[PDB]
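Read the structure below first, then the notes.
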Amino acid sequence: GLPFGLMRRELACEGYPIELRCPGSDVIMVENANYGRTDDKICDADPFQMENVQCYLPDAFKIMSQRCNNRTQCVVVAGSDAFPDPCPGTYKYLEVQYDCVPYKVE
Ligand SMILES: *[C@@H]1O[C@H](CO)[C@@H](O)[C@H](O)[C@H]1NC(C)=O
């Protein structure tokens, strides 16, 4: 509860599962998301794996959208066979931005 007033967003360290939940009877609506690494300050791991801060995966968006779209809550593995590999040997992550809208009207 208590919206952020600036879209909802969840991020999870590669290899661990991520959780999305919408308030009341709203449903998750994935707007944008990416699987990879664009920062070295998230999910502190070995420096060698955190050196590359430039890894993107567009399809990451479609995967989460299909999995969380129109759902009140959804859980996905921020790694494993649930996400390809846009940059091996690096500690990745998953960032998903979405909004919660009513499952019907009002
Ligand atoms: C969610 O529901 C709306 C209305 O029924 C539909 O247009 C939309 O396509 C659904 N989400 C997805 C991913 O299809």
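Following the order of the structure tokens, chains are lettered A, B, ..., residues in each are numbered from 1, and ligands are numbered from 1.
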Next on the checklist: Among chain A, which ones does DSSP assign to strand (DSSP E or B) (computed from the backbone)? Answer as number ranges by chain.
Outcome noted: A: 8-13, 17-21, 26-37, 55, 71, 73-77, 93-102
Could you list, as a short mmCIF file (atom, residue, chain, number, x, y, z; two decimals) with N, CA and C atoms, in the first residue's frame, all the residues within 8 Å of ligand 1, counting only C-alpha atoms and all ligand atoms?
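For reference, part-v6.cif as written:
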data_model
loop_
_atom_site.label_atom_id
_atom_site.label_comp_id
_atom_site.auth_asym_id
_atom_site.auth_seq_id
_atom_site.Cartn_x
_atom_site.Cartn_y
_atom_site.Cartn_z
N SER A 65 6.17 -9.02 -18.73
CA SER A 65 4.86 -8.52 -19.10
C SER A 65 3.85 -9.65 -19.20
N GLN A 66 4.24 -10.72 -19.88
CA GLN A 66 3.35 -11.87 -20.03
C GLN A 66 3.08 -12.53 -18.69
N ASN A 69 1.40 -9.21 -16.39
CA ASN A 69 0.32 -8.40 -16.94
C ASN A 69 -1.05 -8.93 -16.54
N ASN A 70 -1.91 -8.01 -16.09
CA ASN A 70 -3.28 -8.33 -15.70
C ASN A 70 -3.36 -9.20 -14.45
#
Next on the checklist: Could you list, as a list in words, every residue within 9 Å of residue A:49, counting only C-alpha atoms and ignoring same-chain residues fewer than 3 positions away?
Outcome noted: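 Returned residues: residues 40, 45, 46, 52, 88, 89, 90, 91 and 92 of chain A.
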Checklist outcome for this item: note - atom CA of residue A:5 and atom CA of residue A:19 are separated by 19.4 Å
Next on the checklist: Taking only C-alpha atoms into account, name the residue in A:3, A:102, A:84, A:15 that is nearest to residue A:60.
Outcome noted: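 The answer is A:84, which sits nearest to residue A:60.
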Tell me, as a compact mmCIF listing (two decimals) with C-alpha atoms, in the first residue's frame, which residues lie within 10 Å of residue A:30, counting only C-alpha atoms; anything in the same chain fewer than 3 positions away does not count.
# COMPACT_ATOMS: atom_id res chain seq x y z
CA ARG A 8 6.07 1.09 -8.98
CA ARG A 9 9.45 -0.56 -9.41
CA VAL A 27 -3.52 -5.58 -11.63
CA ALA A 33 11.96 -3.83 -17.67
CA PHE A 61 10.34 -6.93 -20.88
CA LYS A 62 8.12 -9.32 -22.81
CA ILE A 63 8.84 -12.13 -20.36
CA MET A 64 7.77 -10.13 -17.31
CA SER A 65 4.86 -8.52 -19.10
CA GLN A 66 3.35 -11.87 -20.03
CA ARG A 67 3.99 -13.19 -16.54
CA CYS A 68 2.68 -10.19 -14.54
CA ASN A 69 0.32 -8.40 -16.94
CA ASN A 70 -3.28 -8.33 -15.70
CA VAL A 96 10.86 -3.89 -13.73
CA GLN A 97 8.78 -0.73 -13.75
CA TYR A 98 5.00 -1.04 -13.71
CA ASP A 99 1.73 0.52 -12.61
CA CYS A 100 -1.28 -0.96 -10.81
Checklist entry - Hey, can you check how far atom CA of residue A:23 sits from atom CA of residue A:72? => result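 For atom CA of residue A:23 relative to atom CA of residue A:72, the distance reads 7.7 Å.
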Item to check | Counting only C-alpha atoms, the residue of A:59, A:14, A:106, A:26 that sits nearest residue A:76 | outcome: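 Closest candidate: A:14.
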Checklist entry - Near stretch 41-43 of chain A, within 8 Å and counting only C-alpha atoms, which residues show up once chain neighbours fewer than 2 positions away are dropped, as a list in words? => result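 Near neighbours after the sequence-gap exclusion: residues 12, 13, 39, 45 and 93 of chain A.
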Item to check | From A:47, A:36, A:24, A:79, residue lying nearest residue A:101 [only C-alpha atoms] | outcome: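 Among the listed residues, A:24 lies closest to residue A:101.
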Checklist entry - Between atom CA of residue A:11 and atom CA of residue A:32, what is the distance, to one decimal in Å? => result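 Distance between the two atoms: 12.1 Å.
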Checklist outcome for this item: Counting only C-alpha atoms, closest pick from A:35, A:2, A:28, A:104 relative to residue A:83 is A:35
Checklist entry - Of the candidates A:22, A:55, A:6, A:105, which shows the shortest atom-to-atom distance to residue A:87, using only C-alpha atoms? => result A:55
Checklist entry - Of the candidates A:38, A:71, A:17, A:82, which one gets nearest to residue A:50 if we count only C-alpha atoms? => result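 Using only C-alpha atoms, residue A:50 sits closest to A:38.
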Next on the checklist: Let's see if you can do this: from backbone DSSP, list all alpha helix (DSSP H) residues in chain A, as an MDAnalysis selection string.
Outcome noted: chainID A and resid 47:50 59:68
